[PDB]
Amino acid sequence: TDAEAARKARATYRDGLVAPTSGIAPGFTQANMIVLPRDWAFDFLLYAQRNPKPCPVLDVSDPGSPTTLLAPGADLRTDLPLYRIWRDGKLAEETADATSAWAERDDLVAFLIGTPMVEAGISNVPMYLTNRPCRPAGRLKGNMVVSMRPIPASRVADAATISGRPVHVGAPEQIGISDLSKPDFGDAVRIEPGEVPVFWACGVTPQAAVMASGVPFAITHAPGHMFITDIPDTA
């Protein structure tokens, strides 16, 4: 509603207020970011279309253009709280501003991917590297990564039908997980009696893919620091 005040958080991020995006501008879609050199653009788009579950694209920028239709007037170089510049497979840094690195390469292409449940009555979410590979696309391949969210045994279904508008459920060993204790990405959560490991797909997989494939240069958001769009979680 009013559709604005999401443009107010982005505004605080230009000034340079690093911070998680959790709960902020609640109601408006929030996304992950992956920007690769043009010569890798086709491959990511293919990978994204071939693996819609773990790689749902909301918008792709025009080569070298840091803007998005998901939030007219924004700037992907400064509107996120924190970024991760990746060089030759590795992590080179973690700036609150990517203007500098965007200027490095001329034809850069960015992919925006990325509460109603809590309205029904239901750190960084523990994520695991599965044994379930994705469909390859050019130089891109790898197994999808998953996010574990402990759901009560009575709203798991209600978690399925509600979100529909989960990749795995229970049996963690069936996707190659022998202990929720050691997630593939730090953390660990308190999974109580009566709760159930519900797994999800997210922007880590597409990320882990480019990473493991030796992409020379890449820009991403820093975990927990997504790009808040002007799109209301209802379209």
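The first residue of the sequence shown is number 1, and the count goes up from there.
(message) Unmodelled residues of the deposited sequence between residue 122 and residue 123: none, 1 to 3, 4 to 9, or 10 or more?
(response) 4 to 9 residues are missing.
(request) Using none, 1 to 3, 4 to 9 or 10 or more, say how many deposited residues go missing between residue 114 and residue 115. (result) The entry leaves 4 to 9 residues without coordinates here.
(request) Using only the Cα atoms and their B-factors as the entry lists them, report which of 191 to 199 and 32 to 40 averages higher. (result) Stretch with the higher mean C-alpha B-factor: 191 to 199.
(message) On mean Cα temperature factor in this entry, is 68 to 76 or 126 to 134 the higher one?
(response) Result of the comparison: 126 to 134.
(request) Identify, among 204, 57, 171, 46, the residue whose C-alpha carries the highest B-factor in the deposited PDB entry. (result) Highest C-alpha B-factor among the listed options: 204.
(request) Would you mind finding, among 118, 108, 85, 140, the residue with the largest C-alpha temperature factor in the entry? (result) That would be 118, according to the entry.
(request) Check where residue 182 lands among this chain's C-alpha B-factors and tell me if it's the lowest, middle or highest third. (result) CA B-factor rank for residue 182: highest third.
(request) Could you look up the Cα B-factor of residue 100 in the entry and say which third of the chain it sits in: lowest, middle or highest? (result) Lowest third.
(request) Place residue 81 in the lowest, middle or highest third of its chain's C-alpha B-factors, as listed in the PDB entry. (result) For residue 81, the deposited C-alpha B-factor lands in the lowest third.
(message) Taking only the Cα B-factors deposited for this chain, tell me whether residue 211 sits in the lowest, middle or highest third.
(response) Highest third, going by the recorded CA B-factors of the chain.
(request) Report the third (lowest, middle or highest) to which the CA temperature factor of residue 26 belongs, ranking only the modelled residues of the same chain. (result) CA B-factor rank for residue 26: middle third.
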